[PDB]
Amino acid sequence: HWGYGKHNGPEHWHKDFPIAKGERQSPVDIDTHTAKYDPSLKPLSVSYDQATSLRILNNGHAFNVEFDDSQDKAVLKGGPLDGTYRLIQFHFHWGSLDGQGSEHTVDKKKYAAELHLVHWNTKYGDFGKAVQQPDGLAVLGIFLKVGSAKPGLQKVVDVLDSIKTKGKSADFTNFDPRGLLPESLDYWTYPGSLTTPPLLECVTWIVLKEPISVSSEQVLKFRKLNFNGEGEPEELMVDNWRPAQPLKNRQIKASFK
Ligand SMILES: [Zn+2]
C-alpha cells in the first residue's frame, strides 16, 4: 500500500497511480513574485456557523475530523469558485521537525504543517462523483507555524491519544472549525489535485497567505500518532506530506495586492 516511507512514499506513487506525473498535480511551490493579483477574484465566503463535526479518524496517513455533509451546513463559496462547496472533513500534514511538514511552499519556505479543509461541489450530489470532475473539490489550505498556541486547536490535540493507531476513531461532536482560521482570508488559487492517492485532478486550491500559529507542544502531539495499527511495530506519524510538483501550464492567482 502507498504511504510516506522510503519504500512506498511519494516517489513510488506513480506506479499504481500514473496521474502522479499529470498536468495539474498538487502541491506546488507558490512563487509570490510570479503570482498575479487578479482583481476579478472575489472575497472568500467561509460559512461555518452551522458546521456539525461528528468523528475523528486515524486513517493510517493522517487524522480526519469528519463533518455531517448530508446538507449545506458548512459551505465555501465565492473566491474563485462557481456555486456551493460542502465541508466534508479536515486534516493536516506535518513534519518530524518544525522546518518541514507543509505540502505547499511559499518561495520554497516549508511550514511546520498544513491544514486542509476539504469541500465538494454540491452540483455533483456526492463526494465520490465530485472527485471525478475538474471542479469537484475546493480545498482551503492553511499553513501552521510554531509559536503561540492556537486555542481552537487544543480540543483536536487532546483527543489524539484516543486515536493513536490506524483504524481508530472517536466521537468528535461540536468542534467549531472557525477556531482554526487566521484573521485574513487573503489567498492564492490554482487548479490542482488531491495530494494523496488517488491523486485525482479535481481540486480548486485556495491557499491562505496568513499562517496560523500553534505551539511546539501542540505539534509534538501530532507527532505521537502512529501510521501503524494497534500492536504493530511503532512508526510515528510524521512527514506525511507530498513535496511540491511541477507547475506545468498553470497560473497561480492572488486575491490581494
Ligand atoms: Zn491534505
Side-chain angles (χ1 to χ4, degrees), residues 2-5 7-10 12-36 38 41 59-62 64 79-81 85 89-97 99-121 127 130-145 187-209 211 227 237-250 252-255:
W2 66 267
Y4 294 94
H7 307 293
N8 64 358
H12 292 273
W13 292 353
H14 72 98
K15 291 176 277 172
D16 290 286
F17 305 93
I19 201 174
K21 296 185 187 290
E23 300 301 310
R24 57 171 280 186
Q25 290 290 292
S26 293
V28 298
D29 182 56
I30 301 167
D31 190 78
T32 67
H33 283 110
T34 300
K36 199 176 163 64
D38 185 351
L41 285 171
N59 62 18
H61 43 104
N64 292 347
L81 303 174
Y85 292 70
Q89 53 105 325
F90 72 75
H91 62 272
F92 303 81
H93 306 263
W94 63 89
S96 50
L97 288 180
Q100 63 187 34
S102 66
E103 296 210 303
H104 294 90
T105 58
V106 179
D107 298 333
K108 300 301 183 76
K109 177 189 175 65
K110 296 173 170 79
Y111 289 87
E114 187 173 331
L115 167 58
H116 291 162
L117 293 129
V118 182
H119 314 74
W120 58 270
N121 192 329
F127 183 82
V131 296
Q132 302 179 247
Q133 302 290 343
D135 61 350
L137 274 52
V139 184
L140 180 60
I142 303 180
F143 296 119
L144 281 62
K145 66 179 190 189
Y187 65 87
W188 297 283
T189 184
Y190 75 96
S193 76
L194 304 181
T195 70
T196 54
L199 299 172
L200 294 171
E201 293 181 334
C202 63
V203 180
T204 301
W205 276 95
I206 301 166
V207 179
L208 296 191
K209 174 164 164 301
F227 287 128
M237 185 179 280
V238 295
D239 295 316
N240 61 349
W241 52 275
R242 189 188 193 191
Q245 300 301 307
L247 188 60
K248 295 190 169 169
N249 184 43
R250 296 179 288 180
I252 305 179
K253 298 177 190 167
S255 75

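We number each residue from 1, following the sequence as shown.
Here the shortest heavy-atom pairing between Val139 and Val203 reads CG2-CG1, 3.7 Å. When all heavy atoms are compared, the tightest approach of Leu200 to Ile19 is CA-CD1, 4.4 Å. Minimum heavy-atom separation, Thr105 to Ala244: OG1-CB, 4.5 Å. The heavy-atom pair separating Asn240 from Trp94 by the smallest distance is OD1-N, 2.8 Å. Taking every heavy atom of both residues into account, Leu199 and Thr195 meet most closely at CD2-C, 3.7 Å. Of all non-hydrogen atoms in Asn59 and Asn64, the two that sit nearest each other are ND2-ND2, 3.5 Å.
The line from CG of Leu247 to CZ of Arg24 is 12.5 Å long, rounded to the nearest 0.5 Å. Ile142 contributes atom CD1, which lies 10.0 Å from atom CZ of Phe90 (distance to the nearest 0.5 angstrom). Atoms CG and NZ, from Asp29 and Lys109 in turn, are 12.5 Å apart once rounded to the nearest 0.5 Å. Going from atom CG of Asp107 over to atom CD1 of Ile30 covers 9.0 Å, rounded to the nearest 0.5 Å. Within the model, atoms SG of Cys202 and CZ of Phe127 stand 7.0 Å from one another, a figure rounded to the nearest 0.5 Å.
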Between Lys209 and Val106, is a side chain to side chain contact (heavy atoms under 4.5 Å, CB included) present by the stated rule, with each step listed? CA-CA 9 Å; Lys209 174 164 164 301; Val106 179; over 6 Å; no

Do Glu201 and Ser193 pass the side chain to side chain contact (heavy atoms under 4.5 Å, CB included) test, and can you show the C-alpha distance, the side-chain angles, and the key distance before you say yes or no? CA-CA 4 Å; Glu201 293 181 334; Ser193 76; 4.0 Å; yes

Please determine whether side chain to side chain contact (heavy atoms under 4.5 Å, CB included) holds for the pair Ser255 and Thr189, giving the CA-CA distance in whole Å, both sets of side-chain angles, and the decisive distance to 0.1 Å. CA-CA 8 Å; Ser255 75; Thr189 184; over 6 Å; no

Apply side chain to side chain contact (heavy atoms under 4.5 Å, CB included) to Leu137 and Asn121, showing your working. CA-CA 6 Å; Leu137 274 52; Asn121 192 329; over 6 Å; no

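You'll find the side chain of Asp31 stays beyond 4.5 Å of the side chain of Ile252, heavy atoms only. The shortest side-chain heavy-atom distance between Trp2 and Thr196 falls under the 4.5 Å cut-off.
Of the candidates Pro80, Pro191, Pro27, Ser26, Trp205 forms a side-chain contact (heavy atoms from CB on, under 4.5 Å) with just one, namely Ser26. Just one residue in the list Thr32, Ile206, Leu208, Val28 forms a side-chain contact (heavy atoms from CB on, under 4.5 Å) with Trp188, and that residue is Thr32. The side chain to side chain donor-acceptor pair (under 3.5 Å) test with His93 is passed by exactly one of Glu114, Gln100, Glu103, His61: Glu103.
Panel note: side chain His119, backbone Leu117; a donor-acceptor pair is recorded below 3.5 Å.
Look at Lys248 and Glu23 and you find a salt bridge, because one of the NZ, NE, NH1 or NH2 atoms lies within 4.0 Å of a carboxylate O, short of that distance.
Between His116 and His104, the angle of the ring planes goes over 60°, which puts this pair in the perpendicular group of the 30/60° scheme. By the 30° and 60° cut-offs, the orientation of the rings of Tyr4 relative to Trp13 is perpendicular.
Residues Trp241 and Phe92 keep their aromatic ring centres 6.0 Å or farther apart.
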